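Listing of entry_7.txt; format and content: compact mmCIF, C-alpha atoms and all ligand atoms.
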```txt
# COMPACT_ATOMS: atom_id res chain seq x y z
CA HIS A 4 0.00 0.00 0.00
CA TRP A 5 1.07 3.69 0.09
CA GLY A 6 3.78 4.97 2.29
CA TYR A 7 6.93 7.03 2.32
CA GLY A 8 9.57 4.68 0.65
CA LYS A 9 11.27 4.66 -2.70
CA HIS A 10 8.74 2.32 -4.11
CA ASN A 11 5.59 3.56 -2.48
CA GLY A 12 6.19 7.20 -1.51
CA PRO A 13 4.82 10.57 -2.62
CA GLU A 14 6.17 10.31 -6.12
CA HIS A 15 3.96 7.13 -6.62
CA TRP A 16 0.70 8.22 -5.06
CA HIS A 17 -0.72 9.68 -8.25
CA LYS A 18 -1.23 6.14 -9.74
CA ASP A 19 -3.84 5.20 -7.15
CA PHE A 20 -4.92 8.80 -6.41
CA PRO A 21 -4.80 10.91 -9.59
CA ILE A 22 -5.92 13.93 -7.55
CA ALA A 23 -2.24 14.00 -6.44
CA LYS A 24 -1.67 16.15 -9.58
CA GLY A 25 -4.69 18.32 -8.90
CA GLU A 26 -5.21 22.05 -8.71
CA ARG A 27 -5.25 22.47 -4.93
CA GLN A 28 -2.71 20.03 -3.49
CA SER A 29 -0.87 20.40 -0.20
CA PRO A 30 1.60 21.13 1.23
CA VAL A 31 3.07 24.21 -0.45
CA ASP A 32 6.02 26.51 0.04
CA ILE A 33 4.92 29.76 1.73
CA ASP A 34 6.70 32.64 0.03
CA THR A 35 6.55 35.22 2.69
CA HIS A 36 7.23 38.08 0.37
CA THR A 37 4.37 37.28 -1.95
CA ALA A 38 1.72 36.34 0.68
CA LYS A 39 -0.45 39.33 1.01
CA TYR A 40 -1.72 40.77 4.24
CA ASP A 41 -5.51 40.57 4.20
CA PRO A 42 -7.12 43.07 6.60
CA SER A 43 -10.44 41.24 6.15
CA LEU A 44 -9.18 38.10 7.79
CA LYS A 45 -10.12 37.53 11.44
CA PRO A 46 -8.41 36.49 14.49
CA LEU A 47 -8.48 32.83 14.79
CA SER A 48 -10.66 31.48 17.55
CA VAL A 49 -9.28 28.28 19.01
CA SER A 50 -11.56 27.04 21.82
CA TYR A 51 -10.07 23.96 23.31
CA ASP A 52 -11.13 24.28 27.01
CA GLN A 53 -13.60 21.38 26.79
CA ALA A 54 -11.54 19.12 24.55
CA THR A 55 -11.84 15.40 25.38
CA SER A 56 -8.98 13.37 24.18
CA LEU A 57 -9.66 9.62 24.07
CA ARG A 58 -6.93 7.52 22.49
CA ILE A 59 -3.62 7.54 20.65
CA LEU A 60 -3.18 5.32 17.62
CA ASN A 61 -0.18 4.28 15.45
CA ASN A 62 -1.85 4.05 12.05
CA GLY A 63 1.26 2.95 10.17
CA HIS A 64 1.85 6.47 8.80
CA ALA A 65 1.91 8.62 11.93
CA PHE A 66 0.31 8.58 15.35
CA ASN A 67 -3.06 10.21 15.85
CA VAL A 68 -4.35 11.66 19.15
CA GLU A 69 -8.10 11.24 18.82
CA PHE A 70 -10.85 13.36 20.36
CA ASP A 71 -14.49 12.96 21.13
CA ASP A 72 -16.06 14.92 18.25
CA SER A 73 -19.70 13.82 19.12
CA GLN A 74 -20.35 17.41 20.53
CA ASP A 75 -18.96 21.10 20.09
CA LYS A 76 -16.24 20.69 22.58
CA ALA A 77 -12.98 21.74 20.90
CA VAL A 78 -13.74 24.07 18.00
CA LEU A 79 -12.00 26.25 15.53
CA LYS A 80 -13.73 29.29 14.11
CA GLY A 81 -12.89 32.71 12.79
CA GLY A 82 -9.81 33.38 10.88
CA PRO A 83 -10.67 32.65 7.21
CA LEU A 84 -13.46 30.25 8.20
CA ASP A 85 -17.20 30.53 7.89
CA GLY A 86 -18.90 28.52 10.55
CA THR A 87 -17.62 26.03 13.12
CA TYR A 88 -15.09 23.26 12.82
CA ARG A 89 -14.76 20.43 15.41
CA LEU A 90 -11.41 18.90 16.44
CA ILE A 91 -11.22 15.19 15.50
CA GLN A 92 -7.49 14.40 15.83
CA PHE A 93 -4.00 15.73 15.76
CA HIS A 94 -0.84 14.19 14.40
CA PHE A 95 2.68 15.14 13.37
CA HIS A 96 4.93 14.81 10.37
CA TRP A 97 8.68 14.60 11.05
CA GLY A 98 12.06 13.86 9.69
CA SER A 99 15.00 11.47 10.09
CA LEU A 100 17.12 14.53 10.97
CA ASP A 101 16.32 17.89 12.40
CA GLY A 102 16.85 19.61 9.03
CA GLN A 103 13.71 18.16 7.47
CA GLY A 104 10.29 16.90 8.48
CA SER A 105 7.83 19.68 7.90
CA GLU A 106 5.36 19.56 5.02
CA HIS A 107 4.86 23.24 4.54
CA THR A 108 8.01 25.26 4.08
CA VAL A 109 8.60 28.99 4.67
CA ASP A 110 10.79 30.58 1.98
CA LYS A 111 12.00 27.00 1.36
CA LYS A 112 12.94 26.49 5.04
CA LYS A 113 12.09 23.04 6.37
CA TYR A 114 11.27 22.66 10.05
CA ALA A 115 12.04 19.51 12.06
CA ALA A 116 8.32 18.60 12.26
CA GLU A 117 4.83 19.91 11.74
CA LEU A 118 1.74 19.42 13.92
CA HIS A 119 -1.66 19.09 12.24
CA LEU A 120 -4.81 19.74 14.30
CA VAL A 121 -7.61 18.45 12.03
CA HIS A 122 -11.14 19.84 12.31
CA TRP A 123 -14.31 19.18 10.29
CA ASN A 124 -17.09 21.58 9.36
CA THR A 125 -20.11 20.94 11.48
CA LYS A 127 -22.44 21.88 8.62
CA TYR A 128 -21.68 18.47 7.05
CA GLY A 129 -22.57 16.41 10.10
CA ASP A 130 -19.58 14.04 10.21
CA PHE A 131 -15.96 13.73 9.03
CA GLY A 132 -16.63 11.35 6.19
CA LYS A 133 -19.17 13.70 4.61
CA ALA A 134 -17.01 16.74 5.30
CA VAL A 135 -14.00 15.41 3.33
CA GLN A 136 -16.22 15.38 0.23
CA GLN A 137 -16.62 19.13 0.32
CA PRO A 138 -14.25 21.91 -0.68
CA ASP A 139 -14.79 23.62 2.70
CA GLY A 140 -15.08 20.44 4.72
CA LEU A 141 -11.92 20.59 6.85
CA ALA A 142 -9.77 23.18 8.60
CA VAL A 143 -6.24 22.07 9.49
CA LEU A 144 -4.21 24.12 11.87
CA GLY A 145 -0.55 23.59 11.07
CA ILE A 146 2.17 24.38 13.61
CA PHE A 147 5.89 24.10 12.93
CA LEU A 148 8.28 22.45 15.36
CA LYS A 149 11.89 23.53 15.80
CA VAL A 150 14.43 21.75 18.03
CA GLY A 151 15.58 23.74 21.09
CA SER A 152 13.90 23.90 24.46
CA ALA A 153 11.51 21.15 25.45
CA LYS A 154 7.72 21.68 25.06
CA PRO A 155 6.36 20.63 28.45
CA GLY A 156 2.91 20.06 27.01
CA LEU A 157 4.21 17.54 24.54
CA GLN A 158 5.86 15.23 27.07
CA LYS A 159 2.74 13.24 27.86
CA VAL A 160 2.51 12.33 24.18
CA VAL A 161 6.18 11.40 23.94
CA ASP A 162 6.13 9.14 26.93
CA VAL A 163 3.16 6.98 25.65
CA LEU A 164 4.88 6.29 22.34
CA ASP A 165 6.60 3.18 23.72
CA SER A 166 3.23 1.60 24.04
CA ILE A 167 2.23 2.17 20.46
CA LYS A 168 5.45 1.34 18.74
CA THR A 169 4.07 -0.52 15.80
CA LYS A 170 1.28 -0.16 13.30
CA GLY A 171 -2.16 -0.91 14.68
CA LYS A 172 -1.38 -0.38 18.30
CA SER A 173 -3.49 2.07 20.32
CA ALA A 174 -3.50 3.24 23.94
CA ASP A 175 -5.99 5.10 26.12
CA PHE A 176 -5.06 8.79 26.07
CA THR A 177 -7.53 10.71 28.10
CA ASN A 178 -7.28 14.16 29.64
CA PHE A 179 -4.68 15.51 27.25
CA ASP A 180 -4.92 19.31 26.76
CA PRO A 181 -3.92 20.38 23.20
CA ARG A 182 -3.60 23.99 24.36
CA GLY A 183 -0.19 22.96 25.55
CA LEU A 184 0.96 22.51 21.95
CA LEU A 185 0.11 26.05 20.73
CA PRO A 186 2.64 28.95 20.31
CA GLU A 187 2.05 32.36 21.88
CA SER A 188 0.95 34.04 18.68
CA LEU A 189 -1.95 33.04 16.41
CA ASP A 190 -0.64 34.95 13.39
CA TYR A 191 -1.14 32.75 10.35
CA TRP A 192 -1.05 32.16 6.66
CA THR A 193 -4.05 30.57 4.91
CA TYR A 194 -4.76 29.00 1.56
CA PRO A 195 -7.10 26.35 0.04
CA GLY A 196 -5.58 22.89 -0.25
CA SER A 197 -5.79 19.21 0.43
CA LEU A 198 -5.09 16.38 2.80
CA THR A 199 -1.41 15.56 2.47
CA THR A 200 -1.88 11.80 2.63
CA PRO A 201 -3.92 9.54 0.39
CA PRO A 202 -6.72 9.99 -0.58
CA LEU A 203 -5.38 13.59 -1.02
CA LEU A 204 -8.88 15.05 -1.01
CA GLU A 205 -9.17 18.78 -1.87
CA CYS A 206 -11.26 19.65 1.17
CA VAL A 207 -8.94 21.66 3.43
CA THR A 208 -8.68 25.30 4.44
CA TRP A 209 -5.10 25.39 5.70
CA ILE A 210 -4.24 27.72 8.55
CA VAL A 211 -0.45 27.64 9.15
CA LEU A 212 0.84 29.48 12.17
CA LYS A 213 3.82 31.75 11.72
CA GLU A 214 5.37 31.12 15.14
CA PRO A 215 6.88 27.62 15.59
CA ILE A 216 6.88 25.79 18.88
CA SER A 217 10.15 24.56 20.35
CA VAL A 218 10.58 20.89 21.27
CA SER A 219 13.73 19.25 22.54
CA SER A 220 16.03 16.86 20.59
CA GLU A 221 15.06 14.20 23.04
CA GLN A 222 11.34 14.66 22.32
CA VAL A 223 11.74 14.41 18.51
CA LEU A 224 14.12 11.51 18.91
CA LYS A 225 11.32 9.60 20.54
CA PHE A 226 9.07 10.23 17.56
CA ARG A 227 11.80 8.65 15.41
CA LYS A 228 11.68 5.39 17.48
CA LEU A 229 8.22 4.62 16.28
CA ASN A 230 7.73 2.03 13.56
CA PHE A 231 5.84 2.00 10.28
CA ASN A 232 5.64 -1.79 10.45
CA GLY A 233 3.44 -3.95 12.51
CA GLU A 234 4.56 -6.09 15.43
CA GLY A 235 6.96 -8.90 14.49
CA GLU A 236 7.65 -7.47 11.06
CA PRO A 237 10.99 -6.12 9.91
CA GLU A 238 11.68 -2.82 11.69
CA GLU A 239 11.35 0.26 9.58
CA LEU A 240 11.61 3.42 11.65
CA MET A 241 8.72 5.89 11.32
CA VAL A 242 10.70 8.86 9.91
CA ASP A 243 10.30 11.18 6.93
CA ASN A 244 6.51 10.85 6.90
CA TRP A 245 6.18 14.15 5.01
CA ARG A 246 5.00 14.97 1.49
CA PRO A 247 7.17 17.64 -0.19
CA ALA A 248 5.80 21.00 -1.41
CA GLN A 249 3.39 20.85 -4.36
CA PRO A 250 2.75 23.38 -7.11
CA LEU A 251 0.84 26.43 -5.93
CA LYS A 252 -1.08 26.71 -9.25
CA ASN A 253 -3.79 29.22 -9.20
CA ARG A 254 -3.76 30.01 -5.43
CA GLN A 255 -3.08 32.90 -3.25
CA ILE A 256 -1.62 32.57 0.24
CA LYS A 257 -2.99 35.26 2.58
CA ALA A 258 -1.42 36.54 5.78
CA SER A 259 -3.36 37.53 8.86
CA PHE A 260 -0.59 39.94 9.95
CA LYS A 261 1.35 42.90 8.59
CO CO B 301 -1.03 15.82 8.33
```
Now, as a test, write the supplied structure out as structure tokens.
Amino acid sequence: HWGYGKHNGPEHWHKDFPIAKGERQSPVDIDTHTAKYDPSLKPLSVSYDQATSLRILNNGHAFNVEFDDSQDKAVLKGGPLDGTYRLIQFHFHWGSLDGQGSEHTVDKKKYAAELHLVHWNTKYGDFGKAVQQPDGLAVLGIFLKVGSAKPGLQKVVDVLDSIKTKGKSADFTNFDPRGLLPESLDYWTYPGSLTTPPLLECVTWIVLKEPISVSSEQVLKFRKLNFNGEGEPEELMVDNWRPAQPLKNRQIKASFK
């Protein structure tokens, strides 16, 4: 099936998912000089006080921290969005080395990792319906650089032992995603896609300007995960990022001057 290798990685996905060569694919390089400030954009509203985390899963491609999305409990609104988007999961993309790992780039700079907080538009009733719509999802993307530790991340890092291999899950209740956010909510936004198969063109991307800092030790623990299942040959879960795609006929807008 699809993955990140030589024989099954991003450069192959188009055969099973021709939308890979579409008009609104993600990620992209953010050219900071050509992104235009849009005074009509709003402050982002990220309301995570009632978030209810449930479980953490190694899906063979990343790990997902899953939320209860059966009520408006952790919602994204404002910014470029019309209406209300409910948090379903977050995950990361990361590298084999600190010099790569992010999906978006900023003036071609690659960060060590990138956090995706995935939310679906409540007007479509559930996730699976939302991904069929051009305004179905809102993904908040946050860059990670290596430096100081992120205290709020440590709970995630320390459960990773228990979900080493593909298909393993663990209870992961009472985790507060507010501890993964930077100080500033300044952002760039553009219309794009999921960055993994099926590559659906359903996402309003909201990429924060300010990265969070994590320690080397934290990211090193990400890199101990496995793509493989239990008792299969070990293949470290690293470089689970799609490179930048053509911007085509899109504009990236900045929320800040
Ligand atoms: Co992602």
message = Using all atoms listed in the file, can you tell me which of A:52, A:14, A:69, A:221 comes closest to residue 154 (chain A)?
response =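 Nearest to residue 154 (chain A): A:221.
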request  = Pick out the residues no farther than 7 Å from ligand CO 301 (chain B), counting all atoms listed in the file, and list them as an NGL selection string.
outcome  = :A and (94-96 or 119 or 198-199)
query = Of the candidates A:140, A:250, A:156, A:186, which one gets nearest to residue 85 (chain A) if we count only C-alpha atoms?
reply =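 When distances to residue 85 (chain A) are compared using only C-alpha atoms, the smallest one comes from A:140.
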Point-to-point distance from CA of residue 181 (chain A) to CA of residue 93 (chain A), Å rounded to tenths =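 Distance between the two atoms: 8.8 Å.
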Residues within 6 Å of (2.3, 7.1, 6.8), counting all atoms listed in the file, listed as a PDB file with C-alpha atoms, in the coordinates of the input:
```pdb
ATOM      1  CA  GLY A   6       3.780   4.970   2.290  1.00  0.00           C
ATOM      2  CA  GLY A  63       1.260   2.950  10.170  1.00  0.00           C
ATOM      3  CA  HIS A  64       1.850   6.470   8.800  1.00  0.00           C
ATOM      4  CA  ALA A  65       1.910   8.620  11.930  1.00  0.00           C
ATOM      5  CA  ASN A 244       6.510  10.850   6.900  1.00  0.00           C
TER       6      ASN A 244
END
```
Produce a table with one row for each residue of region 92-129 of chain A that has an atom at most 10 Å from any atom of region 225-239 of chain A, each row naming the nearest atom pair and its distance in Å at one decimal; use only C-alpha atoms; arrange rows by chain and rising residue number; format as CSV.
```
residue,atom,partner,partner_atom,distance
A:95,CA,A:226,CA,9.1
A:96,CA,A:226,CA,9.5
A:97,CA,A:226,CA,7.9
A:98,CA,A:227,CA,7.7
A:99,CA,A:227,CA,6.8
A:100,CA,A:227,CA,9.1
A:116,CA,A:226,CA,9.9
```
Those selected residues, please, written with C-alpha atoms and delivered as a PDB file, keeping the file's coordinate frame.
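Resulting contents of again.pdb:
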```
ATOM      1  CA  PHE A  95       2.680  15.140  13.370  1.00  0.00           C
ATOM      2  CA  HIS A  96       4.930  14.810  10.370  1.00  0.00           C
ATOM      3  CA  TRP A  97       8.680  14.600  11.050  1.00  0.00           C
ATOM      4  CA  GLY A  98      12.060  13.860   9.690  1.00  0.00           C
ATOM      5  CA  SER A  99      15.000  11.470  10.090  1.00  0.00           C
ATOM      6  CA  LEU A 100      17.120  14.530  10.970  1.00  0.00           C
ATOM      7  CA  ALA A 116       8.320  18.600  12.260  1.00  0.00           C
TER       8      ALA A 116
END
```
ask   = In file coordinates, which residues lie within 10 Å of (-16.2, 6.4, 24.3) using all atoms listed in the file, given as a list in words?
value =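 It turns out the residues near that spot are residues 57, 58, 70, 71 and 73 of chain A.
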ask   = Between CA of residue 104 (chain A) and CA of residue 247 (chain A), what is the spacing in Å?
value =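 Separation of CA of residue 247 (chain A) and CA of residue 104 (chain A): 9.2 Å.
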note = CA of residue 189 (chain A) sits from CA of residue 153 (chain A) at a separation of 20.1 Å
